[PDB]
Amino acid sequence: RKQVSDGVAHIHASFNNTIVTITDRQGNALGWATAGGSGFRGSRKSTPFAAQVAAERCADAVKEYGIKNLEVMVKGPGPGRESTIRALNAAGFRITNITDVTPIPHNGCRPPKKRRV
Amino acid sequence: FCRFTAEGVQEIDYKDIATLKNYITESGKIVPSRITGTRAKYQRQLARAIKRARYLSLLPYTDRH
Amino acid sequence: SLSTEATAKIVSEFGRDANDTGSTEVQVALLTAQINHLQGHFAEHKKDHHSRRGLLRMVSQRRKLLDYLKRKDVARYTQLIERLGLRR
Amino acid sequence: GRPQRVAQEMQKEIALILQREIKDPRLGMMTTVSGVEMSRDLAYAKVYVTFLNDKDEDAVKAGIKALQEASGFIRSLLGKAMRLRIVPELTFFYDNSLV
Amino acid sequence: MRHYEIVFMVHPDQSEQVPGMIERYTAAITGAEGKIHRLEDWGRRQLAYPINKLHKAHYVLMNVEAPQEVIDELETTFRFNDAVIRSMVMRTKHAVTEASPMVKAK
RNA sequence: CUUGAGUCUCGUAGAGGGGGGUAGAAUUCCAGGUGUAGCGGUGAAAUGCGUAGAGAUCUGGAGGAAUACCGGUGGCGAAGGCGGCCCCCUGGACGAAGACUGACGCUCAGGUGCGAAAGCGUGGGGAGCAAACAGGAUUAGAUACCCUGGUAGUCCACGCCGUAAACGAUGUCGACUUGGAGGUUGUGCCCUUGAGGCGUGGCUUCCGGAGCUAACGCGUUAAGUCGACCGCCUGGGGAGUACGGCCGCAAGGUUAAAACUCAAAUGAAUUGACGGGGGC
Ligand SMILES: [Mg+2]
Ligand SMILES: [Mg+2]
Ligand SMILES: [Mg+2]
Ligand SMILES: [Mg+2]
Ligand SMILES: [Mg+2]
Ligand SMILES: [Mg+2]
Ligand SMILES: [Mg+2]
Ligand SMILES: [Mg+2]
Ligand SMILES: [Mg+2]
Ligand SMILES: [Mg+2]
Ligand SMILES: [Mg+2]
Ligand SMILES: [Mg+2]
Ligand SMILES: [Mg+2]
Ligand SMILES: [Mg+2]
Ligand SMILES: [Mg+2]
Ligand SMILES: [Mg+2]
Ligand SMILES: [Mg+2]
Ligand SMILES: [Mg+2]
Ligand SMILES: [Mg+2]
Ligand SMILES: [Mg+2]
Ligand SMILES: [Mg+2]
Ligand SMILES: [Mg+2]
Ligand SMILES: [Mg+2]
């Protein structure tokens, strides 16, 4: 409801979903839409088209906060980073920088065993 | 290439931040000798000096802070 | 290992002259000095097996040096093994 | 196993080893992978890479060229990573998402 | 009787407390028959990452030639003092009496 | 006697070993700020999670385990193995120039020690991971593969176990025999000196000559030419099994047969066939 006019969009790009959330520069969130919550499931739940649909649905819920300046931070090399980026770029937003911030450990924990498929 | 051999330095100071910044990326991770052309001995010295400088907070570990 | 001062003193003591570092006597003396010193190390680092491999090697070579000395001239052999308190 | 399950898994693994374990400055652009399709036999696989830089062929050409030249390296990484039988031969293709 | 490079940082809120600690440590290491070959007070500097939600720490360097005992109780004092946030003790085969790059800029 | 083997002196490189500290990412959890209906998962799904407010996001804290980048067709170690940084204790290797000892050497049945992982005993710890197990699916069937959970275990201390495709499937030591291209680590001398040139050692990777080999291949780090000692083999199966001994808390290890059965079993290379392949 207020005016910040300079926010940041976290894009959790999972291999099964894509979570876009715009937040105040100090981590306080404003709104969010998901590729799942945009009426998609199964395969389509993780397709770039559904990713851009979710990006636009989330943009349509923060426009009343009055922002068109964004930095975006992407996490997870899932399909649906390119899509949401170009979507929120085609939503009248000005993106100053895009940043890969996926959490990479320095050999922290043992990962789950590989799937035998 | 092999700049340290031209310098002739016995050891690379971890206090020489100006020099060390030329061997880390913006991410803050060490650059392999494969592209800087550094001799293996001096690349090991660089790795040790950079890790020491990171400990003393003279260089960042990552770019996320 | 041994410090330079310790080795220099042991050479001067058991050797013929200052630069008699090769005699069997000074070799046995250096070996037993290092062994006695390493006893304290292995009293607490009892699962340091690599250093213990090195120690066992030096014990073995002291043994064969002593055997060569006993076979060369038993008088000096006995005098040495009594000056160091060995072979008992 | 079924070629499409292996396709999904190999898409995950190629995306992973493509984001992290690359050093070719020719690569970059947050290179994503839209998917990968492979034959009934797991011997061959075609990856559909999607670049971000301007779609001008001067750059996407160089990207696919670098990918095809590093295919051996990516294949070695895949073979040690994803635990299958034959380490398929990889073929990269620009997925023209803009139609 | 080895050579040590001791670099430690001080809480910036105790910046003027620094020379006291400096001269105290030098007195301790010299009264232990241990020389001091260098001592540089780089002063306040901006950290490259937070340390206990903090930046602008007070860096100070020393080069000593001393026995190991005095060095270990010195690092013990470092640990049990709280005005110092982070210390570092390293060895050196020789003696270094020169200018650190953090004073050549000055 | 000094040429083998050692000692001393000065240095060099190293994830060699033991102990103690400490740092920064990440996973999990706990407490808050923001913020709302999904999250998670699959080839599709459900079990699972959330309206007590999850997931996502920022801040703070706890705890355990492992150390991205450097990183290497690298390095160290007898092998197994060893990877942040710092200190302490400590083993070996190598080089330069000398000095010293004077065959002090090599190999080694029995013996002694070390020896991945799993496992065992006692106590502690426990984030992640995960046999067994509990579900959800798939399937003719699933007691598998896939999914959600998840105990032992993985971690530490002290003992035990003593086995691996413990592999270079290549015992140790010494001498000798054409080359070429690298890596790594010393070092000598010379040039206006860094740079560069000419040497000379150690370790190591890859081609290849003679020679060897059934062939594949090996090829100065031999599987070449020789010497010293040790281990071991004698058709396949029975069987590394039985019995006995020794060892072990146990699991079992080690030593190690015969009857009987069959006329082969095997190694390397060759030509094709079979795709529910791939190119042109
Ligand atoms: Mg999927
Ligand atoms: Mg020695
Ligand atoms: Mg070590
Ligand atoms: Mg806990
Ligand atoms: Mg040493
Ligand atoms: Mg003589
Ligand atoms: Mg035996
Ligand atoms: Mg174990
Ligand atoms: Mg059991
Ligand atoms: Mg146990
Ligand atoms: Mg227990
Ligand atoms: Mg699990
Ligand atoms: Mg065996
Ligand atoms: Mg092995
Ligand atoms: Mg064998
Ligand atoms: Mg030989
Ligand atoms: Mg070696
Ligand atoms: Mg060859
Ligand atoms: Mg031979
Ligand atoms: Mg043969
Ligand atoms: Mg038989
Ligand atoms: Mg048996
Ligand atoms: Mg028995």
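Heavy-atom basis, side chains included; hydrogens, waters and symmetry copies ignored. Residue numbers begin at 1 in each chain, while the letters A, B, ... track the order of the sequences.
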Expressed as a whole number of angstroms, how long is the span from [X]:[atom1] to [N]:[atom2]?
{"X": "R53(C)", "N": "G115(F)", "atom1": "CZ", "atom2": "P", "value": "13 Å"}
{"X": "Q43(B)", "N": "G75(F)", "atom1": "CD", "atom2": "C1'", "value": "14 Å"}
{"X": "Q19(D)", "N": "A68(F)", "atom1": "CD", "atom2": "P", "value": "17 Å"}
{"X": "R91(E)", "N": "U90(F)", "atom1": "CZ", "atom2": "P", "value": "11 Å"}
{"X": "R52(C)", "N": "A78(F)", "atom1": "CZ", "atom2": "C1'", "value": "17 Å"}
{"X": "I35(B)", "N": "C69(F)", "atom1": "CD1", "atom2": "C1'", "value": "12 Å"}
{"X": "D63(B)", "N": "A25(F)", "atom1": "CG", "atom2": "P", "value": "12 Å"}
{"X": "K46(C)", "N": "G159(F)", "atom1": "NZ", "atom2": "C1'", "value": "13 Å"}

Sign-based sugar class (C1'-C2'-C3'-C4') of [N]:
{"N": "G119(F)", "value": "north"}
{"N": "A142(F)", "value": "south"}
{"N": "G83(F)", "value": "south"}
{"N": "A169(F)", "value": "south"}
{"N": "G53(F)", "value": "south"}

Notebook entry, point to check: Do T24(C) and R76(C) have side-chain N/O donor and acceptor atoms under 3.5 Å apart?
Noted result: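 Side-chain D/A pair, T24(C) to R76(C): absent.
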Next on the checklist: So which atom in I10(C) and which in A33(C) form the shortest heavy-atom distance, rounded to 0.1 Å?
Outcome noted: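 Closest approach of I10(C) to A33(C): CD1-CB, 3.6 Å.
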Over all heavy atoms of both residues, which pair between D63(B) and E26(B) is shortest? Give the atoms and the distance, please.
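For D63(B) and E26(B), the tightest heavy-atom pair comes out as CB-O, 3.6 Å.
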Counting only side-chain N and O atoms of [X], is one of them less than 4.0 Å from OP1 or OP2 of [N]?
{"X": "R57(C)", "N": "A93(F)", "result": "yes"}
{"X": "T62(B)", "N": "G24(F)", "result": "no"}
{"X": "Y68(C)", "N": "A103(F)", "result": "yes"}
{"X": "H12(A)", "N": "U57(F)", "result": "no"}

Check: Picking from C129(F), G35(F), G16(F), which would you name as closest to the side chain of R110(A)?
Finding: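 From the listed options, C129(F) comes nearest.
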Sugar-phosphate only, base, or nothing, as touched by [X] at under 4.0 Å among non-hydrogen atoms:
{"X": "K46(D)", "value": "nothing"}
{"X": "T25(B)", "value": "nothing"}
{"X": "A6(B)", "value": "sugar-phosphate"}
{"X": "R44(A)", "value": "nothing"}
{"X": "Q27(C)", "value": "base"}
{"X": "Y23(B)", "value": "nothing"}

* Asked: What's the base orientation of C104(F): syn (chi within 90° of 0) or anti?
  ->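 Syn, which is what one calls it when the glycosidic angle falls within 90° of 0.
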Problem set entry | Verify stack between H50(C) ring and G17(F) base, 5.5 Å, 30 degrees |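 So no, this residue does not stack on that base, at least one cut-off failing.
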Would you please classify the geometry between the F78(E) ring and the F8(E) ring as parallel, tilted or perpendicular, with 30° and 60° separating the classes? tilted
For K15(B), is there an ion pair with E5(E) - N to carboxylate O distance below 4.0 angstrom?
yes
